[PDB]
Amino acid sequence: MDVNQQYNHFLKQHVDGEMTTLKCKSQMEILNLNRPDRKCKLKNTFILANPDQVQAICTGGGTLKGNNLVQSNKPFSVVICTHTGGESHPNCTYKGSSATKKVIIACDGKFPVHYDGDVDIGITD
């Protein structure tokens, strides 16, 4: 299929089948090192699934809400990394939490996307 670089960016920021609460420090450092001023991102949600399962949200596996937002019809295992302290790397502190939730993402045609990666995917149910 065709490459959508925003889809690759989405997978890098939000899709990791091997993510755990204990891995928040290492995974957030990766995201924070690419942010202007290396400001501590206040939250990031990781989906424990393969790209095909998440891409499907855009092509038969999701409910259209509003403003290009689509809610997955099935729940996903997620890991949420939440800021507890720091303004910038390397003084960022995170708490990891696990949940099972339908995810809310942006779809550009058949491609999950995130614009500016300054926000996060949504969770519900």
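Numbering starts at 1 and follows the sequence shown.
K.L.:
Averaging CA B factors per stretch from the PDB record, which one is higher: 71 to 79 or 37 to 45?
P.N.:
Mean CA B-factor is higher for 37 to 45.
K.L.:
Between 49 to 57 and 84 to 92, which has the larger average Cα B-factor in the PDB entry?
P.N.:
Per the PDB entry, the higher value belongs to 84 to 92.
K.L.:
Based on the PDB record, which member of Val103, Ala106, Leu22, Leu11 exhibits the highest Cα temperature factor?
P.N.:
Max CA B-factor in the entry, restricted to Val103, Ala106, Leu22, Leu11: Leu22.
K.L.:
Within this chain's modelled residues, let me know which third the CA B factor of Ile121 belongs to: lowest, middle or highest.
P.N.:
Answer is lowest: the recorded C-alpha B-factor places it there.
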